[PDB]
Amino acid sequence: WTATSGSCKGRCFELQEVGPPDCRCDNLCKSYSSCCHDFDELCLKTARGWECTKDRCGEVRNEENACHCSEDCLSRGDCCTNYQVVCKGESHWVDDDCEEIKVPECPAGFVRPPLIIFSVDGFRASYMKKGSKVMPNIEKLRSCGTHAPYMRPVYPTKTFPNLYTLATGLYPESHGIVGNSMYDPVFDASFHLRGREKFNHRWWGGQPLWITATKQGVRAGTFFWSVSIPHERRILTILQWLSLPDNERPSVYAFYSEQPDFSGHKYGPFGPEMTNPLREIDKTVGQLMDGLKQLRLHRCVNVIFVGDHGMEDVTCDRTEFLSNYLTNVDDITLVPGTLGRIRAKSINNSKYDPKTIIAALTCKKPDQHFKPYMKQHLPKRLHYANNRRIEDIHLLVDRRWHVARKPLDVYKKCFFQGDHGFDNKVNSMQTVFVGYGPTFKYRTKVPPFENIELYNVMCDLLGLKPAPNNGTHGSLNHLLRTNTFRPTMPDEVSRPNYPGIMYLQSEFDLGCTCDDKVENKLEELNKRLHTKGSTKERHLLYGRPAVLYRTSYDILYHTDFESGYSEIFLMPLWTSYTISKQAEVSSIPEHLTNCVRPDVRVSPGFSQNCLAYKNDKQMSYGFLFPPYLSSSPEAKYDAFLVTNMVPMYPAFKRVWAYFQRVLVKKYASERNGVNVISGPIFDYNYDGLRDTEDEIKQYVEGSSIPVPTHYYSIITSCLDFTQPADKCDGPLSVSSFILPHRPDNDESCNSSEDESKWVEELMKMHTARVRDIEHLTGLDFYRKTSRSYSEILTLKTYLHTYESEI
Ligand SMILES: *[C@@H]1O[C@H](CO)[C@@H](O[C@@H]2O[C@H](CO)[C@@H](O[C@@H]3O[C@H](CO[C@H]4O[C@H](CO)[C@@H](O)[C@H](O[C@H]5O[C@H](CO)[C@@H](O)[C@H](O)[C@@H]5O[C@H]5O[C@H](CO)[C@@H](O)[C@H](O)[C@@H]5O)[C@@H]4O)[C@@H](O)[C@H](O[C@H]4O[C@H](CO)[C@@H](O)[C@H](O)[C@@H]4O[C@H]4O[C@H](CO)[C@@H](O)[C@H](O)[C@@H]4O)[C@@H]3O)[C@H](O)[C@H]2NC(C)=O)[C@H](O)[C@H]1NC(C)=O
Ligand SMILES: O=C(OCc1ccc(OC(F)(F)F)c(F)c1)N1CCc2cc(C(=O)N3CCc4[nH]nnc4C3)nn2CC1
Ligand SMILES: [Ca+2]
Ligand SMILES: [Ca+2]
Ligand SMILES: [Cl-]
Ligand code: NA
Ligand code: NA
Ligand code: NA
Ligand SMILES: [Zn+2]
């Protein structure tokens, strides 16, 4: 109950929320059905509309008006945004040439440049080019400020997960808003778009920007707007807040538009009905910028124009139905649409089996438009697993499609022509970023980046220390004129050992064999140097990775490759090698097919053994440095060392062998040499972070050889590809992957065919940032380059998406 008989007199859009049953006057009171009786009358005035006219100029103040054209309005902070244009002969902001803003130009008493976040729902990245004719205000922000060709949203590419990611810097799995709809099994409560439960604070994890600001003594406007408050009123409220006394005036503000998303759902992303919504958004931006100019704030405020996600063409007829796959359809609950999430309808049903459900949904129809996954097998780049609100069974739905349980769900629950929620690498889901103000750069284009990075930057803009988050602080320093964040490289925690020859062959009883006993100061002085690290400069181009946790490991040097070998996990944490454009692929000689060789630098007790692999009927092995790429027949013996060996299922060896035999050479040809760092990843609890030894759920049968959940590779070359990878004077180019180490290839419906028809497609799906690999390994790469650290952090956050041009 609310005692709605209080009054909003002088309280309109109050910044502090009053505790019920006292009636409210803040911009959210409508949503809670809690506004005072006179809120509409006093706070949502519409009389005379939103614009000054020639004859309204100089008028006598009439408090009933929506905005004012009287002489006193500027000091009152409540003129219509076009007052000075109409009445004082000013130009609109958009008609003014842009001029570099080298310093904040602010009224006296402003302690810092305010930040205004202008967020647009469903604003697809290609609207910037495609709608540019009808968006002159936005086009001026974009060309005069700092802009990216697009910004990558988080998965799922829905509204709430993305807006909350913008506010927190966290993946949805960490912030807890994992969809627009959710069931939390611990609360036993459901979260929905409509309804009351979503207002409960227990759903919302991490620390959003307005809380970060408040705690650190920076005042914030209220970020959320009830839908029925028109856009013109949102703008005038912000402009009014900016006229408050110094001690009361917020420093950070947000505006939200439900457009163009709202019309996009109805008409598709490029429906002819989409032009009007883009015009209206531009007009709103114009109103803000005119209002700012009037207040002498247009060269003071930093403005961010940002979207939550794009919009794709999707129609009713493009729906897959689980009823065409499952016999047991009524025993499941599906969260439907542009993603699928499945759980048991009843926790009392002991005959529910996720394994049989997954199998029934796997590669069943020729052009099947969704792929089922256990959540821990989803591409690691989605970071979509580590939350109890994410169901074990997930469906990744093809762009342009929906999944639903039964046909009746679609026509008894065509309306829409657009939707979103798909994989966050999909071009149509990409959204926008523009930064304009004294703190952003002038007329600068920056590369695409992820929206998880923005929280840090908004903190930088306000002089705040960011709460712990998933951005990489410093990676967006190149967007900023000043207020950059200058991080230091993390300190290495464990130093390596550098073992020499310490064991005789006969001390090893590993069950391993090799036809290598076939016999000189030319070549023996030479081989000793290689084992002391003489070629290390060629194969370790960016310094050795730093180990950021406590462990015991050895550096092992070889002619063709260098490794950091873990005595704890009994295999390399990383193996580094360079393959020049000129390098040649050779085969594994017949006599060496099953050769595994003891490493006389590493004790038997810290080695793998071949007997375990023989005994384990499910597990085989592969090598991190590929024997195919040995520099000479004698160097090839090094690739068969037991310390270069790692556990691999036969199904996975198909993937790995093709990558090593074919793909590495291909990238070296195309990229003018590559440097490759490969290694294992252990993430049994799917938290995106390196597992400790006591977290490993699987070993090679009868041994302490732990089985990786994933295998990574980081592939680096010169951005200027006229320079060879090992002789690069400037910026680097990277692509990486984190391949799931699976005992079957069920994920690839074409896997019965030649590796050339399905393996590269698998790898592209499992594309990754170096940063993702750092989290998963506790390693820190690119420690020794001639590049600035900020540039390297940008490089580490890069994602190669394999999408065509936006
Ligand atoms: C992306 O960035 C984020 C932010 O940096 C990273 O997430 C952090 O990861 C940390 C390392 O895992 C984690 O640290 C743990 O915190 C525990 C206390 O956490 C509470 O307090 C913080 C601070 O205010 C708060 O943020 C947390 O909020 C979480 O939980 C609530 C309620 O569930 C949610 O509302 C909220 O959304 C958020 O949930 C998310 O995180 C939790 C994990 O905390 C997940 O379970 C959820 O799925 C969701 O993703 C909390 O309110 C602290 O107790 C931990 O310490 C235990 O574990 C360590 C192991 O190192 C051990 O040393 C300790 O002894 C202790 O163990 C004891 O408890 C164990 C479990 O009960 C038990 O097994 C043992 O036997 C012991 O009894 C730990 O320090 C930190 O909380 C999160 N922060 C956030 C915001 O998520 C994230 O890793 C980044 N991702 C990537 C890929 O880089
Ligand atoms: O005013 C608001 O939010 C401001 C804001 C702006 C920016 C924020 O973060 C930032 F500041 F960091 F950017 C930041 F948290 C918060 N909101 C939240 C967004 C929202 C969603 C809906 C909604 O019902 N749908 C969404 C579109 C859609 N598509 N398909 N189905 C749907 C259903 N209504 N609203 C209005 C109230
Ligand atoms: Ca949205
Ligand atoms: Ca882990
Ligand atoms: Cl959802
Ligand atoms: Na031998
Ligand atoms: Na085996
Ligand atoms: Na298959
Ligand atoms: Zn939408």
# chains A, B, ... in the order shown; residues from 1 in each chain; ligands from 1
>>> residues_around(residues="region 784-789 of chain A", least_positions_apart="6", cutoff="10 Å", atoms="only C-alpha atoms", output="list in words")
residues 474, 475, 486, 487, 488, 489, 540, 541, 542, 543, 544, 545, 728, 729, 730, 731, 732 and 795 of chain A
>>> closest_atom_pairs(of="chain A", to="ligand 1", cutoff="9 Å", atoms="only C-alpha atoms and all ligand atoms", output="CSV")
residue,atom,partner,partner_atom_place_in_ligand_line,distance
A:169,CA,ligand 1,2 (O),7.9
A:170,CA,ligand 1,1 (C),5.6
A:171,CA,ligand 1,1 (C),6.4
A:172,CA,ligand 1,50 (O),8.0
A:173,CA,ligand 1,50 (O),4.9
A:174,CA,ligand 1,50 (O),3.6
A:175,CA,ligand 1,37 (O),4.4
A:176,CA,ligand 1,37 (O),4.7
A:177,CA,ligand 1,37 (O),8.1
A:201,CA,ligand 1,35 (O),8.7
A:202,CA,ligand 1,35 (O),6.0
A:203,CA,ligand 1,35 (O),6.2
A:204,CA,ligand 1,35 (O),6.1
A:205,CA,ligand 1,37 (O),3.4
A:206,CA,ligand 1,86 (C),4.4
A:207,CA,ligand 1,86 (C),7.7
A:383,CA,ligand 1,93 (C),6.7
A:385,CA,ligand 1,48 (O),8.3
A:386,CA,ligand 1,48 (O),4.8
A:387,CA,ligand 1,48 (O),3.6
A:388,CA,ligand 1,48 (O),6.0
A:389,CA,ligand 1,48 (O),8.1
A:467,CA,ligand 1,5 (O),7.8
A:468,CA,ligand 1,5 (O),4.2
A:469,CA,ligand 1,2 (O),4.2
A:470,CA,ligand 1,1 (C),4.2
A:471,CA,ligand 1,2 (O),7.9
A:687,CA,ligand 1,93 (C),6.4
A:688,CA,ligand 1,93 (C),4.2
A:689,CA,ligand 1,93 (C),5.9
A:771,CA,ligand 1,94 (O),8.7
A:772,CA,ligand 1,93 (C),7.0
A:774,CA,ligand 1,94 (O),8.9
A:775,CA,ligand 1,94 (O),5.6
A:776,CA,ligand 1,93 (C),7.7
>>> closest_atom_pairs(of="chain A", to="ligand 2", cutoff="6 Å", atoms="only C-alpha atoms and all ligand atoms", output="JSON lines")
{"residue": "A:117", "atom": "CA", "partner": "ligand 2", "partner_atom_place_in_ligand_line": "11 (F)", "distance": 5.9}
{"residue": "A:119", "atom": "CA", "partner": "ligand 2", "partner_atom_place_in_ligand_line": "7 (C)", "distance": 5.5}
{"residue": "A:159", "atom": "CA", "partner": "ligand 2", "partner_atom_place_in_ligand_line": "26 (C)", "distance": 5.2}
{"residue": "A:163", "atom": "CA", "partner": "ligand 2", "partner_atom_place_in_ligand_line": "9 (O)", "distance": 4.7}
{"residue": "A:164", "atom": "CA", "partner": "ligand 2", "partner_atom_place_in_ligand_line": "15 (F)", "distance": 5.2}
{"residue": "A:166", "atom": "CA", "partner": "ligand 2", "partner_atom_place_in_ligand_line": "12 (F)", "distance": 4.1}
{"residue": "A:167", "atom": "CA", "partner": "ligand 2", "partner_atom_place_in_ligand_line": "12 (F)", "distance": 3.3}
{"residue": "A:193", "atom": "CA", "partner": "ligand 2", "partner_atom_place_in_ligand_line": "24 (O)", "distance": 5.7}
{"residue": "A:223", "atom": "CA", "partner": "ligand 2", "partner_atom_place_in_ligand_line": "4 (C)", "distance": 5.1}
{"residue": "A:224", "atom": "CA", "partner": "ligand 2", "partner_atom_place_in_ligand_line": "1 (O)", "distance": 3.4}
{"residue": "A:225", "atom": "CA", "partner": "ligand 2", "partner_atom_place_in_ligand_line": "1 (O)", "distance": 3.8}
{"residue": "A:226", "atom": "CA", "partner": "ligand 2", "partner_atom_place_in_ligand_line": "37 (C)", "distance": 5.7}
{"residue": "A:227", "atom": "CA", "partner": "ligand 2", "partner_atom_place_in_ligand_line": "36 (C)", "distance": 5.5}
{"residue": "A:254", "atom": "CA", "partner": "ligand 2", "partner_atom_place_in_ligand_line": "6 (C)", "distance": 5.3}
{"residue": "A:255", "atom": "CA", "partner": "ligand 2", "partner_atom_place_in_ligand_line": "6 (C)", "distance": 5.9}
{"residue": "A:256", "atom": "CA", "partner": "ligand 2", "partner_atom_place_in_ligand_line": "4 (C)", "distance": 4.8}
>>> write_last_selection(atoms="N, CA, C and O atoms", output="PDB file, in the first residue's frame")
ATOM      1  N   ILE A 117      25.022   9.654 -20.683  1.00  0.00           N
ATOM      2  CA  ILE A 117      24.944   8.420 -21.473  1.00  0.00           C
ATOM      3  C   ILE A 117      23.596   8.342 -22.214  1.00  0.00           C
ATOM      4  O   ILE A 117      22.533   8.166 -21.605  1.00  0.00           O
ATOM      5  N   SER A 119      21.569   6.233 -24.392  1.00  0.00           N
ATOM      6  CA  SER A 119      21.484   4.851 -24.819  1.00  0.00           C
ATOM      7  C   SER A 119      20.236   4.597 -25.662  1.00  0.00           C
ATOM      8  O   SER A 119      19.135   5.075 -25.345  1.00  0.00           O
ATOM      9  N   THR A 159      18.103  -7.045 -24.143  1.00  0.00           N
ATOM     10  CA  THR A 159      18.179  -5.711 -23.553  1.00  0.00           C
ATOM     11  C   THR A 159      18.738  -5.627 -22.142  1.00  0.00           C
ATOM     12  O   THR A 159      19.721  -4.930 -21.909  1.00  0.00           O
ATOM     13  N   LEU A 163      22.198  -3.853 -21.073  1.00  0.00           N
ATOM     14  CA  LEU A 163      22.234  -2.577 -20.329  1.00  0.00           C
ATOM     15  C   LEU A 163      22.925  -2.745 -18.985  1.00  0.00           C
ATOM     16  O   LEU A 163      23.674  -1.864 -18.567  1.00  0.00           O
ATOM     17  N   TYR A 164      22.681  -3.870 -18.314  1.00  0.00           N
ATOM     18  CA  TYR A 164      23.338  -4.111 -17.044  1.00  0.00           C
ATOM     19  C   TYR A 164      24.849  -4.381 -17.213  1.00  0.00           C
ATOM     20  O   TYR A 164      25.645  -3.985 -16.356  1.00  0.00           O
ATOM     21  N   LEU A 166      26.592  -2.895 -19.561  1.00  0.00           N
ATOM     22  CA  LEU A 166      27.106  -1.528 -19.750  1.00  0.00           C
ATOM     23  C   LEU A 166      27.342  -0.842 -18.397  1.00  0.00           C
ATOM     24  O   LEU A 166      28.352  -0.170 -18.206  1.00  0.00           O
ATOM     25  N   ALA A 167      26.444  -1.064 -17.451  1.00  0.00           N
ATOM     26  CA  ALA A 167      26.508  -0.373 -16.167  1.00  0.00           C
ATOM     27  C   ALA A 167      27.541  -0.962 -15.211  1.00  0.00           C
ATOM     28  O   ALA A 167      27.958  -0.259 -14.303  1.00  0.00           O
ATOM     29  N   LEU A 193      10.182  -9.751 -17.807  1.00  0.00           N
ATOM     30  CA  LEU A 193      10.151  -8.386 -18.340  1.00  0.00           C
ATOM     31  C   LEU A 193       9.051  -7.552 -17.680  1.00  0.00           C
ATOM     32  O   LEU A 193       9.315  -6.472 -17.148  1.00  0.00           O
ATOM     33  N   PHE A 223      18.975   6.765 -13.420  1.00  0.00           N
ATOM     34  CA  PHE A 223      19.260   6.250 -14.780  1.00  0.00           C
ATOM     35  C   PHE A 223      18.025   5.725 -15.546  1.00  0.00           C
ATOM     36  O   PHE A 223      17.998   5.716 -16.781  1.00  0.00           O
ATOM     37  N   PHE A 224      17.007   5.300 -14.806  1.00  0.00           N
ATOM     38  CA  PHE A 224      15.874   4.578 -15.372  1.00  0.00           C
ATOM     39  C   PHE A 224      14.652   5.465 -15.572  1.00  0.00           C
ATOM     40  O   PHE A 224      14.347   6.295 -14.713  1.00  0.00           O
ATOM     41  N   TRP A 225      13.965   5.289 -16.709  1.00  0.00           N
ATOM     42  CA  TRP A 225      12.787   6.099 -17.048  1.00  0.00           C
ATOM     43  C   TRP A 225      11.567   5.193 -17.259  1.00  0.00           C
ATOM     44  O   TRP A 225      11.631   4.215 -18.009  1.00  0.00           O
ATOM     45  N   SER A 226      10.471   5.498 -16.578  1.00  0.00           N
ATOM     46  CA  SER A 226       9.191   4.848 -16.881  1.00  0.00           C
ATOM     47  C   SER A 226       8.811   5.113 -18.337  1.00  0.00           C
ATOM     48  O   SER A 226       9.011   6.223 -18.841  1.00  0.00           O
ATOM     49  N   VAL A 227       8.307   4.082 -19.024  1.00  0.00           N
ATOM     50  CA  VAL A 227       8.069   4.166 -20.480  1.00  0.00           C
ATOM     51  C   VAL A 227       7.153   5.319 -20.910  1.00  0.00           C
ATOM     52  O   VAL A 227       7.333   5.859 -22.004  1.00  0.00           O
ATOM     53  N   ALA A 254      21.833   9.368 -17.448  1.00  0.00           N
ATOM     54  CA  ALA A 254      21.488   8.451 -18.540  1.00  0.00           C
ATOM     55  C   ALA A 254      20.132   8.834 -19.141  1.00  0.00           C
ATOM     56  O   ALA A 254      19.192   9.220 -18.419  1.00  0.00           O
ATOM     57  N   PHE A 255      20.052   8.754 -20.463  1.00  0.00           N
ATOM     58  CA  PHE A 255      18.796   8.852 -21.180  1.00  0.00           C
ATOM     59  C   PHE A 255      18.643   7.497 -21.860  1.00  0.00           C
ATOM     60  O   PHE A 255      19.633   6.903 -22.249  1.00  0.00           O
ATOM     61  N   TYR A 256      17.421   7.015 -21.986  1.00  0.00           N
ATOM     62  CA  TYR A 256      17.124   5.775 -22.695  1.00  0.00           C
ATOM     63  C   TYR A 256      16.000   5.988 -23.686  1.00  0.00           C
ATOM     64  O   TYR A 256      15.006   6.680 -23.376  1.00  0.00           O
TER      65      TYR A 256
END
>>> residues_around(residues="residue 139 (chain A)", least_positions_apart="6", cutoff="9 Å", atoms="only C-alpha atoms", output="short mmCIF file (atom, residue, chain, number, x, y, z; two decimals) with C-alpha atoms, in the first residue's frame")
data_model
loop_
_atom_site.label_atom_id
_atom_site.label_comp_id
_atom_site.auth_asym_id
_atom_site.auth_seq_id
_atom_site.Cartn_x
_atom_site.Cartn_y
_atom_site.Cartn_z
CA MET A 128 25.26 4.83 -38.67
CA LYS A 129 26.03 4.54 -42.39
CA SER A 132 23.11 8.87 -41.98
CA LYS A 133 20.99 11.05 -44.33
CA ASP A 282 18.08 12.31 -34.11
#
>>> residues_near_ligand(ligand="ligand 8", cutoff="10 Å", atoms="only C-alpha atoms and all ligand atoms", output="list in words")
residues 362, 363, 651, 744, 745, 746, 747, 748, 749, 750, 751, 752, 753 and 758 of chain A
>>> write_last_selection(atoms="N, CA, C and O atoms", output="short mmCIF file (atom, residue, chain, number, x, y, z; two decimals), in the first residue's frame")
data_model
loop_
_atom_site.label_atom_id
_atom_site.label_comp_id
_atom_site.auth_asym_id
_atom_site.auth_seq_id
_atom_site.Cartn_x
_atom_site.Cartn_y
_atom_site.Cartn_z
N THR A 362 20.48 -33.36 -31.68
CA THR A 362 21.79 -33.28 -32.35
C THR A 362 21.79 -33.76 -33.80
O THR A 362 21.61 -34.95 -34.06
N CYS A 363 22.00 -32.82 -34.72
CA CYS A 363 22.16 -33.09 -36.15
C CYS A 363 21.06 -33.99 -36.75
O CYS A 363 21.35 -34.91 -37.52
N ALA A 651 38.97 -38.48 -31.38
CA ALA A 651 38.09 -37.58 -32.09
C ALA A 651 38.71 -36.18 -32.17
O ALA A 651 38.70 -35.54 -33.22
N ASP A 744 34.08 -36.73 -28.82
CA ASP A 744 33.34 -36.95 -30.05
C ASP A 744 33.35 -35.65 -30.83
O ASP A 744 33.71 -34.59 -30.30
N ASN A 745 33.00 -35.72 -32.10
CA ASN A 745 32.78 -34.53 -32.86
C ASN A 745 31.29 -34.23 -33.14
O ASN A 745 30.96 -33.70 -34.19
N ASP A 746 30.42 -34.56 -32.18
CA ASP A 746 28.98 -34.35 -32.35
C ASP A 746 28.61 -32.91 -32.68
O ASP A 746 27.66 -32.65 -33.44
N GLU A 747 29.39 -31.97 -32.15
CA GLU A 747 29.22 -30.54 -32.43
C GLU A 747 29.26 -30.22 -33.91
O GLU A 747 28.59 -29.29 -34.36
N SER A 748 30.04 -30.96 -34.69
CA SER A 748 30.13 -30.69 -36.11
C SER A 748 29.34 -31.76 -36.90
O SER A 748 29.76 -32.92 -37.02
N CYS A 749 28.20 -31.35 -37.44
CA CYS A 749 27.30 -32.28 -38.12
C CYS A 749 27.92 -32.89 -39.38
O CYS A 749 27.50 -33.96 -39.82
N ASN A 750 28.96 -32.23 -39.91
CA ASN A 750 29.69 -32.69 -41.11
C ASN A 750 30.96 -33.48 -40.84
O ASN A 750 31.74 -33.72 -41.77
N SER A 751 31.19 -33.86 -39.59
CA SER A 751 32.48 -34.45 -39.22
C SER A 751 32.81 -35.81 -39.84
O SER A 751 33.96 -36.24 -39.81
N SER A 752 31.83 -36.49 -40.43
CA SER A 752 32.13 -37.73 -41.14
C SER A 752 32.91 -37.43 -42.44
O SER A 752 33.52 -38.31 -43.02
N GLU A 753 32.89 -36.17 -42.88
CA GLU A 753 33.60 -35.75 -44.08
C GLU A 753 35.07 -35.36 -43.80
O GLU A 753 35.54 -35.44 -42.65
N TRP A 758 35.07 -29.20 -42.35
CA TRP A 758 34.44 -28.91 -41.07
C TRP A 758 35.36 -28.38 -39.96
O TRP A 758 34.89 -27.74 -39.02
#
>>> residues_near_ligand(ligand="ligand 4", cutoff="7 Å", atoms="only C-alpha atoms and all ligand atoms", output="PyMOL selection string")
chain A and resi 682-691
>>> residues_near_ligand(ligand="ligand 5", cutoff="8 Å", atoms="only C-alpha atoms and all ligand atoms", output="ChimeraX atom specification")
/A:156,158,178-182,335-337,339,421
>>> residues_around(residues="residue 99 (chain A)", least_positions_apart="4", cutoff="12 Å", atoms="only C-alpha atoms", output="VMD selection string")
chain A and resid 93 103 140 to 141 143 to 145 298 to 299 436 to 438 441 to 443
>>> write_last_selection(atoms="N, CA, C and O atoms", output="CSV table (one decimal), in the first residue's frame")
chain,number,residue,atom,x,y,z
A,93,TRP,N,22.8,23.5,-32.6
A,93,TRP,CA,24.1,22.9,-32.5
A,93,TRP,C,24.5,22.2,-33.7
A,93,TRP,O,25.7,22.4,-34.1
A,103,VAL,N,40.0,21.4,-24.1
A,103,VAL,CA,39.8,21.5,-22.6
A,103,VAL,C,38.4,21.6,-22.3
A,103,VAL,O,37.6,22.1,-23.1
A,140,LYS,N,27.0,14.2,-36.7
A,140,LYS,CA,27.9,15.2,-36.2
A,140,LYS,C,28.7,14.7,-35.0
A,140,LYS,O,29.9,14.8,-34.9
A,141,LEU,N,27.9,14.2,-34.0
A,141,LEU,CA,28.6,13.5,-32.9
A,141,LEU,C,29.7,12.5,-33.4
A,141,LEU,O,30.8,12.6,-33.0
A,143,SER,N,31.2,12.0,-36.4
A,143,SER,CA,32.3,12.4,-37.2
A,143,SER,C,33.2,13.4,-36.4
A,143,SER,O,34.4,13.4,-36.7
A,144,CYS,N,32.7,14.1,-35.5
A,144,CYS,CA,33.5,15.1,-34.8
A,144,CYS,C,34.1,14.6,-33.5
A,144,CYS,O,35.2,15.0,-33.1
A,145,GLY,N,33.5,13.5,-33.0
A,145,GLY,CA,34.0,12.9,-31.7
A,145,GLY,C,34.8,11.7,-32.0
A,145,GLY,O,35.5,11.6,-33.0
A,298,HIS,N,27.9,22.7,-24.0
A,298,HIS,CA,28.1,21.9,-25.2
A,298,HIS,C,29.6,21.6,-25.4
A,298,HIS,O,29.9,20.7,-26.3
A,299,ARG,N,30.5,22.3,-24.8
A,299,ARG,CA,31.9,22.1,-24.8
A,299,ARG,C,32.4,21.7,-23.4
A,299,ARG,O,33.6,21.9,-23.1
A,436,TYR,N,31.8,11.9,-27.4
A,436,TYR,CA,32.0,13.2,-27.8
A,436,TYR,C,32.1,14.1,-26.6
A,436,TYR,O,31.3,14.1,-25.7
A,437,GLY,N,33.2,14.9,-26.6
A,437,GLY,CA,33.4,15.8,-25.4
A,437,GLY,C,34.9,16.1,-25.2
A,437,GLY,O,35.8,15.7,-25.9
A,438,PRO,N,35.2,16.9,-24.2
A,438,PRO,CA,36.6,17.3,-23.9
A,438,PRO,C,37.5,16.2,-23.6
A,438,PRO,O,38.7,16.2,-23.9
A,441,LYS,N,38.7,11.9,-27.8
A,441,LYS,CA,39.5,12.5,-28.9
A,441,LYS,C,38.6,13.1,-30.0
A,441,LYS,O,37.4,12.9,-30.0
A,442,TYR,N,39.3,13.9,-30.8
A,442,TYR,CA,38.7,14.7,-31.9
A,442,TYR,C,38.8,14.0,-33.2
A,442,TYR,O,39.9,13.4,-33.5
A,443,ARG,N,37.7,13.9,-33.9
A,443,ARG,CA,37.6,13.2,-35.2
A,443,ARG,C,38.5,11.9,-35.3
A,443,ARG,O,39.3,11.8,-36.2
>>> residues_near_ligand(ligand="ligand 7", cutoff="12 Å", atoms="only C-alpha atoms and all ligand atoms", output="ChimeraX atom specification")
/A:609-622,647-650,700-702
>>> residues_near_ligand(ligand="ligand 9", cutoff="8 Å", atoms="only C-alpha atoms and all ligand atoms", output="VMD selection string")
chain A and resid 121 to 122 158 to 159 261 to 262 264 to 265 311 419 to 420
>>> closest_residue(among="A:56, A:66, A:31, A:228", to="residue 196 (chain A)", atoms="only C-alpha atoms")
A:31
>>> residues_near_ligand(ligand="ligand 6", cutoff="12 Å", atoms="only C-alpha atoms and all ligand atoms", output="list in words")
residues 505, 506, 508, 511, 512, 513, 514, 515, 516, 517, 518, 519, 591, 592, 594, 595, 596, 597, 598, 637, 640 and 641 of chain A
>>> select_by_dssp(residues="region 189-247 of chain A", states="helix (DSSP H, G or I)", output="ChimeraX atom specification")
/A:197-199,201-203,209-215,231-241
>>> residues_around(residues="residue 8 (chain A)", least_positions_apart="4", cutoff="10 Å", atoms="only C-alpha atoms", output="PyMOL selection string")
chain A and resi 12-14+23-26+35-43
>>> write_last_selection(atoms="N, CA and C atoms", output="short mmCIF file (atom, residue, chain, number, x, y, z; two decimals), in the first residue's frame")
data_model
loop_
_atom_site.label_atom_id
_atom_site.label_comp_id
_atom_site.auth_asym_id
_atom_site.auth_seq_id
_atom_site.Cartn_x
_atom_site.Cartn_y
_atom_site.Cartn_z
N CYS A 12 9.33 17.33 -8.26
CA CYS A 12 9.23 16.62 -9.55
C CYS A 12 10.61 16.05 -9.94
N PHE A 13 10.66 14.74 -10.18
CA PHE A 13 11.91 14.06 -10.56
C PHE A 13 13.00 14.25 -9.50
N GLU A 14 12.56 14.08 -8.25
CA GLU A 14 13.42 14.11 -7.09
C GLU A 14 14.47 13.01 -7.22
N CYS A 23 4.33 8.65 -0.78
CA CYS A 23 4.24 8.62 -2.25
C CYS A 23 5.47 9.23 -2.92
N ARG A 24 5.75 8.75 -4.13
CA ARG A 24 7.01 9.04 -4.82
C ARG A 24 6.81 10.03 -5.96
N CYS A 25 7.89 10.71 -6.34
CA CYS A 25 7.86 11.67 -7.44
C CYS A 25 9.09 11.50 -8.37
N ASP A 26 9.86 10.43 -8.15
CA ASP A 26 11.04 10.12 -8.98
C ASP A 26 10.62 9.53 -10.34
N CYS A 35 3.38 6.90 -7.65
CA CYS A 35 3.42 8.36 -7.77
C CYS A 35 2.34 9.00 -6.90
N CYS A 36 2.59 10.21 -6.41
CA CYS A 36 1.56 11.00 -5.75
C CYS A 36 0.48 11.39 -6.76
N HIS A 37 -0.71 11.70 -6.25
CA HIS A 37 -1.89 12.03 -7.06
C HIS A 37 -1.68 13.13 -8.10
N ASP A 38 -0.82 14.11 -7.77
CA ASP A 38 -0.60 15.30 -8.61
C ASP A 38 0.67 15.22 -9.47
N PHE A 39 1.31 14.05 -9.46
CA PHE A 39 2.52 13.82 -10.26
C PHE A 39 2.31 14.17 -11.73
N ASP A 40 1.22 13.68 -12.32
CA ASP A 40 0.89 13.98 -13.72
C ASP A 40 0.72 15.47 -13.97
N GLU A 41 -0.09 16.11 -13.12
CA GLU A 41 -0.40 17.53 -13.25
C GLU A 41 0.85 18.44 -13.17
N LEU A 42 1.65 18.23 -12.13
CA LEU A 42 2.82 19.07 -11.86
C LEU A 42 4.06 18.66 -12.62
N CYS A 43 4.25 17.35 -12.80
CA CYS A 43 5.51 16.81 -13.32
C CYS A 43 5.51 16.40 -14.78
#
